[PDB]
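Single-structure report; data block below.
Reminder, nothing fancy here: chain letters follow the sequence lines and each chain counts from 1. Values reported hereafter were calculated over all heavy atoms of this structure, with side chains retained and with hydrogens, waters and symmetry mates removed. For ligands, and for the atoms within them, numbers begin at 1 and follow the listed sequence.
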Amino acid sequence: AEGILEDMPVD
Amino acid sequence: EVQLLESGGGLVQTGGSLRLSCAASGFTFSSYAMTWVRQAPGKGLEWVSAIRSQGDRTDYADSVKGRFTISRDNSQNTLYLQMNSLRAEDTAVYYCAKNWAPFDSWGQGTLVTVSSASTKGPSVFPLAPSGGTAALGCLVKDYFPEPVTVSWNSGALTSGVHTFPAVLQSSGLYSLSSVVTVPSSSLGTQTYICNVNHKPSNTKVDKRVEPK
Amino acid sequence: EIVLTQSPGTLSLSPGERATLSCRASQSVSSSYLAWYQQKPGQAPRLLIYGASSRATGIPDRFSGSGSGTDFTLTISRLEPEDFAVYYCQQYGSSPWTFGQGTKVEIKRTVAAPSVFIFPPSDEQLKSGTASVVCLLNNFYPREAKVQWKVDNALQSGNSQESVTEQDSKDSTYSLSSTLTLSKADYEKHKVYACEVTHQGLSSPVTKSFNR
Ligand SMILES: [Zn+2]
Ligand SMILES: [Zn+2]
Ligand SMILES: [Zn+2]
């Protein structure tokens, strides 16, 4: 769903 | 059914340590970042910390960097918050929440109080009764830390009940009252008992309050 | 950091009216990544809107959200009784995540004058060597009320504390508890204890008292 950030990206 | 359930709050000495855990169920835990938000009593919400699905990346609010560590066990469906060098500004209800942002599922919160004061169980004093309305109650006085629990007649009596937010006395200790208004003429035909519980100090009191 | 400024601080509306809540950001909010939460007393927050304008699951369609950049709006088209709570906005466009200070939405109803009751210190508390006098204002509206303590007709200052319930879910009123604190010594030196209530539902201030 656009506007839900279910997870963080790898950094 | 999605459930988040925090554990581990309570009174902590200033500069002491505490670890919180949050047990999760009802969704596939290893697919989501998990989050700790906190709320000081009577104040707004503050983002505290966040951890990637795989335990892979962590982030923190500046106020807690170097003192708080977030972690997670995806074999155990558990989120952790390790809290060191605690200060009074850290006193808050700590909520567990799902996602990096925004937060669709929240836990119930766990209260963390950071103070030097000792635990003190309350004294419970009856407020006796003398439109046609009477009023009676209980004064739950001089306890620490929050919270206390008040019901009337083991939860049977709820209507006309008013349980007030505790006040912080200048002594450092909390005090609250809980009252009931009832028709004057019920005073001889009903028994009224307030059930007070202070889990921080393991105190439980049932006080019947009597007409004058 | 992105500072979120919510306004108004408090909003008072009769049910069925349109509520408009503003959230302003000190920087632009990337991707319109702005959420809105509802929070009722003693509960965890509840997601209403994400991505500035998308309704979460099971959110009635009278909640709608609009805006981009630095100016965002939460509209409740017809205020229903279950809508009266605190409303927080939250940005997740840049780290760290931040919330606004919240808007309290209360329900407006007709004026209702309090009924007023005063409680002497219990003998139990007098045995233990302190004295608390308690005054109760029952089911009144609006919230604003002046409670003044007199002791042998002298107006007290700085030695009382008061607390207010949340708006009652059946009749939309508030209740208030005020506690006057004095030493057991001084309590037993004085006779008349009075609680003087000023409220817009009263044509003139009402006084309840008792003689020790
Ligand atoms: Zn009432
Ligand atoms: Zn409705
Ligand atoms: Zn005196």
Please determine if C:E188 and C:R212 form a salt bridge, counting it only when a charged side-chain N lies under 4.0 Å from a carboxylate O. no
Pair [X], [Y]: side-chain N/O donor-acceptor within cut-off below 3.5 Å:
| X | Y | answer |
| --- | --- | --- |
| C:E1 | C:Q27 | no |
| B:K141 | B:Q169 | yes |
| C:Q161 | C:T179 | no |

Of all the N, O or S atoms in C:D186, the one nearest to the Zn ion (ligand 3) is OD1
Using a cut-off of strictly less than 2.8 Å, determine whether C:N138 has an N/O/S atom near the Zn ion (ligand 1). yes
Report whether any nitrogen, oxygen or sulfur of C:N139 sits less than 2.8 Å from the Zn ion (ligand 1) (N, O or S, backbone or side chain). yes
Within the side chain of C:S32, is there an N or O that forms a donor-acceptor pair under 3.5 Å with the backbone of C:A52? no
Of all N, O or S atoms in B:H162, the one closest to the Zn ion (ligand 1) is NE2
Under 2.8 Å from the Zn ion (ligand 2), is there an N/O/S atom belonging to C:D83? no
